[PDB]
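Heads up, data-v4.pdb below (PDB, C-alpha atoms (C1' of nucleotides)):
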ATOM      1  CA  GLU A 348     254.647 -17.616  20.696
ATOM      2  CA  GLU A 349     254.847 -18.924  24.281
ATOM      3  CA  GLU A 350     253.713 -15.521  25.568
ATOM      4  CA  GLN A 351     250.184 -16.332  24.381
ATOM      5  CA  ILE A 352     250.140 -19.607  26.343
ATOM      6  CA  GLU A 353     251.436 -17.897  29.477
ATOM      7  CA  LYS A 354     248.964 -15.026  29.064
ATOM      8  CA  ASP A 355     245.819 -17.093  28.600
ATOM      9  CA  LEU A 356     246.858 -19.591  31.290
ATOM     10  CA  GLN A 357     247.330 -16.785  33.824
ATOM     11  CA  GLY A 358     244.144 -15.038  32.701
ATOM     12  CA  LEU A 359     241.957 -18.108  32.978
ATOM     13  CA  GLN A 360     243.506 -19.085  36.338
ATOM     14  CA  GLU A 361     242.663 -15.587  37.588
ATOM     15  CA  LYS A 362     239.156 -15.995  36.177
ATOM     16  CA  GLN A 363     238.718 -19.294  38.031
ATOM     17  CA  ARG A 364     239.950 -17.786  41.313
ATOM     18  CA  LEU A 365     237.537 -14.863  40.971
ATOM     19  CA  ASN A 366     234.766 -17.315  40.071
ATOM     20  CA  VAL A 367     235.459 -19.384  43.196
ATOM     21  CA  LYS A 368     235.332 -16.336  45.471
ATOM     22  CA  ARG A 369     232.209 -14.972  43.767
ATOM     23  CA  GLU A 370     230.431 -18.338  43.887
ATOM     24  CA  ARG A 371     231.183 -18.707  47.598
ATOM     25  CA  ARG A 372     229.777 -15.233  48.262
ATOM     26  CA  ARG A 373     226.709 -15.876  46.087
ATOM     27  CA  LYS A 374     225.993 -19.220  47.756
ATOM     28  CA  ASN A 375     226.193 -17.668  51.222
ATOM     29  CA  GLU A 376     223.959 -14.766  50.172
ATOM     30  CA  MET A 377     221.323 -17.003  48.568
ATOM     31  CA  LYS A 378     221.333 -19.368  51.556
ATOM     32  CA  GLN A 379     220.766 -16.503  53.993
ATOM     33  CA  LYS A 380     218.095 -15.011  51.719
ATOM     34  CA  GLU A 381     216.073 -18.223  51.517
ATOM     35  CA  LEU A 382     216.371 -18.826  55.268
ATOM     36  CA  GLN A 383     215.127 -15.282  55.919
ATOM     37  CA  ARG A 384     212.266 -15.811  53.461
ATOM     38  CA  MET A 385     211.315 -19.041  55.242
ATOM     39  CA  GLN A 386     211.300 -17.325  58.641
ATOM     40  CA  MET A 387     209.687 -14.114  57.324
ATOM     41  CA  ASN A 388     206.119 -15.320  56.653
ATOM     42  CA  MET A 389     205.346 -15.401  60.401
TER
ATOM     43  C1'   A B   1     186.890  29.687  64.776
ATOM     44  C1'   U B   2     185.531  24.565  64.247
ATOM     45  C1'   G B   3     182.497  21.548  61.521
ATOM     46  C1'   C B   4     179.288  17.533  58.882
ATOM     47  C1'   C B   5     176.749  14.999  54.092
ATOM     48  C1'   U B   6     176.998  14.367  48.694
ATOM     49  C1'   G B   7     179.857  15.832  44.030
ATOM     50  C1'   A B   8     184.157  18.313  40.858
ATOM     51  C1'   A B   9     189.685  19.000  41.397
ATOM     52  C1'   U B  10     194.175  17.491  43.714
ATOM     53  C1'   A B  11     197.983  18.632  37.054
ATOM     54  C1'   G B  12     203.053  19.287  34.881
ATOM     55  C1'   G B  13     209.017  19.775  34.852
ATOM     56  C1'   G B  14     213.355  18.403  37.687
ATOM     57  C1'   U B  15     215.661  15.500  41.403
ATOM     58  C1'   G B  16     215.813  10.457  42.565
ATOM     59  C1'   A B  17     214.062   7.363  49.229
ATOM     60  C1'   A B  18     213.267   2.342  50.951
ATOM     61  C1'   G B  19     213.340  -2.530  48.457
ATOM     62  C1'   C B  20     215.658  -5.601  44.457
ATOM     63  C1'   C B  21     219.467  -7.446  40.500
ATOM     64  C1'   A B  22     224.645  -8.019  38.612
ATOM     65  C1'   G B  23     229.882  -6.847  40.226
ATOM     66  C1'   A B  24     234.610  -5.417  43.487
ATOM     67  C1'   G B  25     236.903  -4.945  48.875
ATOM     68  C1'   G B  26     236.216  -7.468  53.903
ATOM     69  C1'   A B  27     235.765 -13.086  58.506
ATOM     70  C1'   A B  28     230.649 -10.901  59.291
ATOM     71  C1'   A B  29     228.503  -6.289  60.060
ATOM     72  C1'   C B  30     229.100  -3.400  56.142
ATOM     73  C1'   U B  31     231.178   0.111  52.170
ATOM     74  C1'   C B  32     231.732   1.509  46.950
ATOM     75  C1'   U B  33     230.249   0.789  41.259
ATOM     76  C1'   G B  34     226.304   0.150  37.402
ATOM     77  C1'   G B  35     221.213  -0.730  36.766
ATOM     78  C1'   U B  36     216.246  -1.104  38.530
ATOM     79  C1'   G B  37     212.576   0.805  41.383
ATOM     80  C1'   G B  38     209.264   5.517  41.701
ATOM     81  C1'   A B  39     208.809   7.750  47.751
ATOM     82  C1'   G B  40     208.626  12.455  50.042
ATOM     83  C1'   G B  41     207.776  18.537  55.607
ATOM     84  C1'   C B  42     212.346  17.571  48.298
ATOM     85  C1'   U B  43     212.547  21.494  44.606
ATOM     86  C1'   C B  44     210.633  24.890  39.912
ATOM     87  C1'   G B  45     207.031  27.967  37.166
ATOM     88  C1'   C B  46     202.141  30.025  70.625
ATOM     89  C1'   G B  47     201.435  32.717  65.847
ATOM     90  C1'   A B  48     199.830  33.424  59.176
ATOM     91  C1'   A B  49     197.551  30.866  55.222
ATOM     92  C1'   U B  50     195.428  26.376  53.627
ATOM     93  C1'   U B  51     190.502  25.125  45.771
ATOM     94  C1'   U B  52     185.231  24.839  44.634
ATOM     95  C1'   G B  53     179.103  23.757  43.646
ATOM     96  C1'   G B  54     174.652  21.988  46.265
ATOM     97  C1'   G B  55     172.773  20.733  51.174
ATOM     98  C1'   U B  56     173.185  21.260  56.428
ATOM     99  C1'   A B  57     174.890  22.127  61.864
ATOM    100  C1'   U B  58     177.340  24.361  66.163
ATOM    101  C1'   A B  59     178.149  75.993  27.157
ATOM    102  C1'   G B  60     177.320  73.920  22.109
ATOM    103  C1'   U B  61     181.949  73.731  27.123
ATOM    104  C1'   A B  62     184.083  69.126  29.625
ATOM    105  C1'   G B  63     183.664  65.290  26.947
ATOM    106  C1'   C B  64     182.237  60.493  23.057
ATOM    107  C1'   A B  65     181.080  56.178  28.226
ATOM    108  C1'   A B  66     187.729  53.165  25.684
ATOM    109  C1'   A B  67     187.095  46.103  23.147
ATOM    110  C1'   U B  68     192.570  46.897  17.381
ATOM    111  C1'   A B  69     191.108  47.842  10.526
ATOM    112  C1'   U B  70     189.185  48.787   7.417
ATOM    113  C1'   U B  71     188.646  49.369   1.506
ATOM    114  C1'   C B  72     185.926  48.661  -3.495
ATOM    115  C1'   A B  73     181.436  47.569  -6.498
ATOM    116  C1'   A B  74     176.201  46.471  -6.601
ATOM    117  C1'   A B  75     170.934  46.052  -4.191
ATOM    118  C1'   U B  76     167.108  48.201  -1.053
ATOM    119  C1'   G B  77     165.493  52.783   0.597
ATOM    120  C1'   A B  78     163.093  59.727   0.577
ATOM    121  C1'   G B  79     167.607  59.372   2.936
ATOM    122  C1'   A B  80     173.568  54.427   3.473
ATOM    123  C1'   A B  81     180.475  55.030   6.825
ATOM    124  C1'   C B  82     177.091  51.785   9.903
ATOM    125  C1'   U B  83     171.412  47.410   6.445
ATOM    126  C1'   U B  84     172.213  43.086   2.563
ATOM    127  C1'   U B  85     175.380  40.373  -1.431
ATOM    128  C1'   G B  86     180.038  39.755  -3.790
ATOM    129  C1'   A B  87     185.547  40.963  -3.770
ATOM    130  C1'   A B  88     189.929  42.458  -0.863
TER
END

Can you present the structure in this file as structure tokens?
Amino acid sequence: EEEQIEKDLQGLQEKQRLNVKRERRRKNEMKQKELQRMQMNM
RNA sequence: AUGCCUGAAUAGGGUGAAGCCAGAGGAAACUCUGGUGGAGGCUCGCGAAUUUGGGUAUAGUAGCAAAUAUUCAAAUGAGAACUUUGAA
């Protein structure tokens, strides 16, 4: 009964941590990509 | 040997390069995983070679001339294996 609460709490916390790391990486990558595109047309 | 002008042709199978997308590891650089993409001195059926047209430069013996399967009936004709029609 409580095992389900513990399991989905831990799973969704892990999902949020992975999402935070992935979003940081994606934001850095997209920022660098658009800066390179801006400086590439010359 | 090296060319020039105007045309035809430069096919197919396999593999899967940069670049890109979504993920995981790392502070970056980067490295793996899946996809996408469709590139090449990649493969498959000092030397040699490097498709093609037109134009234009520097004893009646050997044997039967070799491309397989012919058959039946009728017509023509002096004469039909070889011509013609039908059937196989």

Kindly provide, as number ranges by chain, the residues of chain A having any atom no farther than 12 Å from an atom of chain B, counting only C-alpha atoms (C1' of nucleotides). A: 365-366, 368-369, 372-373, 375-376

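Against this structure, the PyMOL selection byres ((chain B and resi 39-47) around 9) ends up with residues 13, 14, 15, 17, 18, 38 and 48 of chain B.
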
Taking the file as shown, find all residues satisfying the PyMOL selection byres ((chain B and resi 87) around 9) and write them as a list in words.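 Evaluating the PyMOL selection byres ((chain B and resi 87) around 9) on this file yields residues 72, 73, 86 and 88 of chain B.
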
With a distance cut-off of 9 Å and all atoms listed in the file, select the neighbouring residues of segment 56-67 of chain B, excluding the residue or stretch itself and same-chain residues fewer than 5 positions from it, and output the selection as a PyMOL selection string. chain B and resi 2-5

Answer key for the PyMOL selection byres ((chain B and resi 32-35) around 10), residues as a ChimeraX atom specification: /B:21-25,31,36-37

What does the file look like for those residues with C-alpha atoms (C1' of nucleotides), as a PDB file, keeping the file's coordinate frame?
ATOM      1  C1'   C B  21     219.467  -7.446  40.500  1.00  0.00           C
ATOM      2  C1'   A B  22     224.645  -8.019  38.612  1.00  0.00           C
ATOM      3  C1'   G B  23     229.882  -6.847  40.226  1.00  0.00           C
ATOM      4  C1'   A B  24     234.610  -5.417  43.487  1.00  0.00           C
ATOM      5  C1'   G B  25     236.903  -4.945  48.875  1.00  0.00           C
ATOM      6  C1'   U B  31     231.178   0.111  52.170  1.00  0.00           C
ATOM      7  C1'   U B  36     216.246  -1.104  38.530  1.00  0.00           C
ATOM      8  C1'   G B  37     212.576   0.805  41.383  1.00  0.00           C
TER       9        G B  37
END

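Atom pair atom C1' of residue 9 of chain B / atom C1' of residue 54 of chain B: separated by 16.1 Å.
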
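Interatomic distance, atom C1' of residue 7 of chain B against atom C1' of residue 52 of chain B: 10.5 Å.
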
Report, in Å to a single decimal, how far apart atom CA of residue 381 of chain A and atom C1' of residue 27 of chain B are. 21.5 Å

Enclose the full set of atoms of segment 351-366 of chain A listed in the file within a box whose edges lie along x, y and z, apply 3 Å of padding to each of the six sides, and report centre and edge lengths in Å to one decimal as AutoDock Vina command-line options.
--center_x 243.1 --center_y -17.2 --center_z 32.8 --size_x 22.7 --size_y 10.7 --size_z 22.9

Segment 351-381 of chain A dumped to file, N, CA, C and O atoms, as an mmCIF file, in the first residue's frame:
data_model
loop_
_atom_site.group_PDB
_atom_site.id
_atom_site.type_symbol
_atom_site.label_atom_id
_atom_site.label_comp_id
_atom_site.auth_asym_id
_atom_site.auth_seq_id
_atom_site.Cartn_x
_atom_site.Cartn_y
_atom_site.Cartn_z
ATOM 1 N N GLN A 351 3.598 1.779 -3.044
ATOM 2 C CA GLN A 351 3.265 2.507 -4.266
ATOM 3 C C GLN A 351 3.574 3.995 -4.130
ATOM 4 O O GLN A 351 4.109 4.614 -5.060
ATOM 5 N N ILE A 352 3.242 4.589 -2.979
ATOM 6 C CA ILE A 352 3.544 6.002 -2.754
ATOM 7 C C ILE A 352 5.049 6.234 -2.761
ATOM 8 O O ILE A 352 5.551 7.165 -3.402
ATOM 9 N N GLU A 353 5.797 5.387 -2.051
ATOM 10 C CA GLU A 353 7.248 5.544 -2.053
ATOM 11 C C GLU A 353 7.810 5.395 -3.461
ATOM 12 O O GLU A 353 8.657 6.189 -3.892
ATOM 13 N N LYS A 354 7.313 4.405 -4.207
ATOM 14 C CA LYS A 354 7.841 4.112 -5.534
ATOM 15 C C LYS A 354 7.597 5.265 -6.497
ATOM 16 O O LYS A 354 8.520 5.708 -7.189
ATOM 17 N N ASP A 355 6.362 5.774 -6.556
ATOM 18 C CA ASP A 355 6.108 6.830 -7.531
ATOM 19 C C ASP A 355 6.705 8.159 -7.083
ATOM 20 O O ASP A 355 7.117 8.958 -7.932
ATOM 21 N N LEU A 356 6.814 8.402 -5.770
ATOM 22 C CA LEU A 356 7.516 9.597 -5.312
ATOM 23 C C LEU A 356 8.979 9.568 -5.740
ATOM 24 O O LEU A 356 9.492 10.543 -6.306
ATOM 25 N N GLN A 357 9.666 8.449 -5.482
ATOM 26 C CA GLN A 357 11.070 8.341 -5.869
ATOM 27 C C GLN A 357 11.234 8.417 -7.381
ATOM 28 O O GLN A 357 12.143 9.093 -7.880
ATOM 29 N N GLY A 358 10.355 7.739 -8.126
ATOM 30 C CA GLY A 358 10.443 7.768 -9.576
ATOM 31 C C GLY A 358 10.264 9.158 -10.150
ATOM 32 O O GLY A 358 11.019 9.576 -11.030
ATOM 33 N N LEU A 359 9.270 9.898 -9.661
ATOM 34 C CA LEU A 359 9.043 11.218 -10.221
ATOM 35 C C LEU A 359 10.089 12.226 -9.740
ATOM 36 O O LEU A 359 10.420 13.154 -10.485
ATOM 37 N N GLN A 360 10.643 12.057 -8.532
ATOM 38 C CA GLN A 360 11.787 12.879 -8.133
ATOM 39 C C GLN A 360 12.988 12.631 -9.040
ATOM 40 O O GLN A 360 13.676 13.577 -9.454
ATOM 41 N N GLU A 361 13.255 11.361 -9.357
ATOM 42 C CA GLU A 361 14.341 11.037 -10.275
ATOM 43 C C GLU A 361 14.079 11.632 -11.650
ATOM 44 O O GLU A 361 14.995 12.158 -12.298
ATOM 45 N N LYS A 362 12.825 11.567 -12.103
ATOM 46 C CA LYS A 362 12.459 12.165 -13.381
ATOM 47 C C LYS A 362 12.712 13.666 -13.378
ATOM 48 O O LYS A 362 13.231 14.212 -14.355
ATOM 49 N N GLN A 363 12.348 14.352 -12.291
ATOM 50 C CA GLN A 363 12.581 15.792 -12.223
ATOM 51 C C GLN A 363 14.070 16.121 -12.206
ATOM 52 O O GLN A 363 14.498 17.096 -12.830
ATOM 53 N N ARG A 364 14.878 15.332 -11.492
ATOM 54 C CA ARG A 364 16.318 15.587 -11.481
ATOM 55 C C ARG A 364 16.914 15.418 -12.876
ATOM 56 O O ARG A 364 17.699 16.260 -13.346
ATOM 57 N N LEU A 365 16.536 14.334 -13.561
ATOM 58 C CA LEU A 365 17.004 14.122 -14.926
ATOM 59 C C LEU A 365 16.528 15.239 -15.844
ATOM 60 O O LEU A 365 17.272 15.690 -16.721
ATOM 61 N N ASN A 366 15.289 15.697 -15.653
ATOM 62 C CA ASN A 366 14.762 16.792 -16.458
ATOM 63 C C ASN A 366 15.552 18.071 -16.234
ATOM 64 O O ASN A 366 15.822 18.811 -17.182
ATOM 65 N N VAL A 367 15.927 18.354 -14.985
ATOM 66 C CA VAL A 367 16.702 19.560 -14.698
ATOM 67 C C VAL A 367 18.052 19.501 -15.401
ATOM 68 O O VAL A 367 18.469 20.460 -16.069
ATOM 69 N N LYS A 368 18.750 18.370 -15.272
ATOM 70 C CA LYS A 368 20.057 18.243 -15.918
ATOM 71 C C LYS A 368 19.933 18.359 -17.436
ATOM 72 O O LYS A 368 20.705 19.079 -18.090
ATOM 73 N N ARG A 369 18.946 17.665 -18.010
ATOM 74 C CA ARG A 369 18.752 17.681 -19.453
ATOM 75 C C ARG A 369 18.381 19.070 -19.951
ATOM 76 O O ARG A 369 18.848 19.498 -21.010
ATOM 77 N N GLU A 370 17.533 19.785 -19.210
ATOM 78 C CA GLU A 370 17.134 21.125 -19.617
ATOM 79 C C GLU A 370 18.306 22.093 -19.549
ATOM 80 O O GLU A 370 18.447 22.959 -20.417
ATOM 81 N N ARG A 371 19.157 21.966 -18.528
ATOM 82 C CA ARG A 371 20.357 22.795 -18.478
ATOM 83 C C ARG A 371 21.243 22.542 -19.693
ATOM 84 O O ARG A 371 21.700 23.487 -20.359
ATOM 85 N N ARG A 372 21.480 21.265 -20.010
ATOM 86 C CA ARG A 372 22.310 20.937 -21.166
ATOM 87 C C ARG A 372 21.693 21.461 -22.458
ATOM 88 O O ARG A 372 22.393 22.031 -23.305
ATOM 89 N N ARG A 373 20.380 21.279 -22.624
ATOM 90 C CA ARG A 373 19.702 21.722 -23.838
ATOM 91 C C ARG A 373 19.744 23.236 -23.978
ATOM 92 O O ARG A 373 19.941 23.757 -25.081
ATOM 93 N N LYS A 374 19.542 23.961 -22.875
ATOM 94 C CA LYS A 374 19.603 25.416 -22.927
ATOM 95 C C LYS A 374 20.993 25.890 -23.326
ATOM 96 O O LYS A 374 21.130 26.776 -24.179
ATOM 97 N N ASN A 375 22.037 25.300 -22.736
ATOM 98 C CA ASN A 375 23.392 25.686 -23.120
ATOM 99 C C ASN A 375 23.652 25.394 -24.594
ATOM 100 O O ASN A 375 24.215 26.232 -25.315
ATOM 101 N N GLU A 376 23.233 24.213 -25.061
ATOM 102 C CA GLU A 376 23.464 23.841 -26.453
ATOM 103 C C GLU A 376 22.746 24.786 -27.407
ATOM 104 O O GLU A 376 23.333 25.248 -28.391
ATOM 105 N N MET A 377 21.475 25.090 -27.130
ATOM 106 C CA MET A 377 20.709 25.964 -28.011
ATOM 107 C C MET A 377 21.276 27.378 -28.005
ATOM 108 O O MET A 377 21.323 28.039 -29.050
ATOM 109 N N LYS A 378 21.714 27.858 -26.838
ATOM 110 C CA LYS A 378 22.309 29.186 -26.752
ATOM 111 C C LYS A 378 23.568 29.270 -27.607
ATOM 112 O O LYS A 378 23.743 30.210 -28.399
ATOM 113 N N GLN A 379 24.454 28.278 -27.473
ATOM 114 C CA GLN A 379 25.671 28.269 -28.279
ATOM 115 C C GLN A 379 25.347 28.148 -29.762
ATOM 116 O O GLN A 379 25.992 28.791 -30.601
ATOM 117 N N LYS A 380 24.345 27.334 -30.108
ATOM 118 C CA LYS A 380 23.975 27.161 -31.508
ATOM 119 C C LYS A 380 23.482 28.465 -32.120
ATOM 120 O O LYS A 380 23.876 28.819 -33.237
ATOM 121 N N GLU A 381 22.619 29.196 -31.410
ATOM 122 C CA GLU A 381 22.109 30.437 -31.984
ATOM 123 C C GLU A 381 23.185 31.514 -32.037
ATOM 124 O O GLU A 381 23.207 32.311 -32.982
#
